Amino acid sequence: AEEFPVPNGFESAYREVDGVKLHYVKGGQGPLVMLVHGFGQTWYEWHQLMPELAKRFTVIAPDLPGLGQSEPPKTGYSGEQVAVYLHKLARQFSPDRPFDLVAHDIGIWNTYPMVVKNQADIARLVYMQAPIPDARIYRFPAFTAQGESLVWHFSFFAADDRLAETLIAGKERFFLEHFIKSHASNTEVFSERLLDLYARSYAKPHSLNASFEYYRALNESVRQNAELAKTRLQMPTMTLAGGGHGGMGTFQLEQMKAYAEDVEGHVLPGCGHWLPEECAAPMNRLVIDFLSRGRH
């Protein structure tokens, strides 16, 4: 069974990593690029970018542990713990060469530790629409004069006594449409049909819980990154952020400059959080061009 349709010429497969069965979709030939999705979604957010990248790269798009068709992690949900699974997965397909990494939302949280601890394995890095977990997240406001706070869900999802699962169970499709559209500029791309697909996946009880455990581990991830950030990232890095409703604007590049020696950033006007879907043409072009500098 497949939760989302595989693009023509790709395969849906699984790989056991440290006792955890990870789902991924893979296609193409050449150097490896791994695309890592975020909260509320799965590998499928990349399905329009994947065929274009596969003309020059081997492309792998895993489901995060516990999400999509991937089993939950056995160690835990902190960034350093999850990053082990993703690093070992990528290295099974690229054991002797560095690979490229593209990550969105909590995909950033779940990859930053393995990037900084295995810098020689990462050729080029693209991060979009999430803060790297650090002390800056403790200053983001809970309530805004205009629009809506992009970050209050951190506390909702991290609340104890399984508050979020208890309130959202049975209402997953309603909740997902609300939080996707509230973080979007171009809401019209989220058709009822596409929302149905995403909601069906994260309504699996272990996936609903897994989704929130990433936030329950956020303070631990911050503590982990306080140590890791003592070494700046050396590989070429690109940041993308939306400039519209739900977009992080200039914050994405400004924070990355504290982490990376070689970084360029873009703010995409009229685009919110969900860049691959809201602004597919400019986002895909930016990613393909950036990764195509060099061997592919």
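The term rigid core refers to the maximal set of C-alpha atoms that superpose within 1.5 Å between the two forms. Note that residue numbering follows the sequence shown and begins at 1.
The rigid core fit leaves 143-151 as the farther-lying stretch in 4 other deposited structures of this protein, judged by Cα positions and set against 143-151 and 119-127.
In this entry, the higher average B-factor at the C-alpha atoms falls on 224-232, of the pair 224-232 and 64-72. Look at the C-alpha B-factors of 33-41 and of 247-255. On average they run higher in 247-255. Note on the listed residues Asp134, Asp105, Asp121, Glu172: the highest Cα temperature factor in the record is that of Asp121. When all modelled residues of the chain are sorted by CA temperature factor, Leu150 is found within the highest third. Among all modelled residues in this chain, the alpha-carbon of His87 has a temperature factor (C-alpha) in the middle third. In this PDB entry, the Cα temperature factor of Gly9 sits in the top third of its chain's modelled residues, the highest group. In the PDB entry, a CA B factor belonging to the highest third of its chain's modelled residues is recorded for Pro95. Among the modelled residues of the chain, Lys55 sits in the highest third by CA temperature factor in this PDB entry.
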